[PDB]
Each structure stands twice: as C-alpha cells, then as structure tokens.
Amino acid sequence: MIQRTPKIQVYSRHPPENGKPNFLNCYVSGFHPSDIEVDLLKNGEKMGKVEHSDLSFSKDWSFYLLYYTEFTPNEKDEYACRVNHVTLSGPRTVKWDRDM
C-alpha cells in the first residue's frame, strides 16, 4: 500500500498579459492513492467554476489530473491552487507565478 505525494504545477494556458482572457491550470501528478482534492483560488477564495480532466496515469502508474478555469490575469489579484491529499499535512497551496 504505497503512498506518493502529489507534484503541483499551476500555470496559464497562454503567456499572460494583464487584462487578456486566459486559462488557469492546476496540474497535479505522481500521487497515490488517487483520492485527492484540488481547488483553484482567487485572492484566497475558491473560483466560481472549476472543472477537471478524467483520472488517468502514466506508464509508472503515477496518477494525473488537470483542474482548470477561465481567468483574466491582472497585477492586483492573486491566483492559487490548493491541494488536499493523505500524504499532505493539511492543504498545500501553490500561488500562480507568471514566471512559471
């Protein structure tokens, strides 16, 4: 019964420009078991609409999911992905960094 901590990447579909509509992604991978919670937050509050891909995995059995929503970035607002998993001691929040 092995357990594996998720990797988290939070990133935009397209290079960001202030005021230009875009897509906000949270890509969680490499976790076991598959039971996981992922949220997209703006200014510390869960987004309005956030959907995800169907659970799949890579050849080494490592699960992956994409959570995504539309967003229009700007200098004032902060965007973040929050993950809950058995391997994490309470939620892990990763901020969206336009450099990554």
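Throughout, we count residues from 1 along the sequence that is shown.
Chemist: Using the B-factors recorded in the PDB entry, average over the C-alpha atoms of 69-77 and of 26-34, then report which stretch comes out higher.
Modeler: On average, C-alpha B-factors are higher across 69-77.
Chemist: Tell me, lowest, middle or highest third: where does the Cα B factor of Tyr64 rank within its chain?
Modeler: Lowest third of the chain for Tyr64's C-alpha B-factor.
Chemist: Ranking every modelled residue in this chain by its Cα temperature factor as given in the entry, which third contains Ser12?
Modeler: Lowest third.
Chemist: Considering every modelled residue of the chain and its Cα B-factor in the PDB entry, is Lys20 in the lowest, middle or highest third?
Modeler: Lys20: CA B-factor falls in the highest third of its chain.
Chemist: Sort the modelled residues of this chain by their C-alpha B factor and say whether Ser58 lands in the lowest, middle or highest third.
Modeler: Highest third, going by the recorded CA B-factors of the chain.
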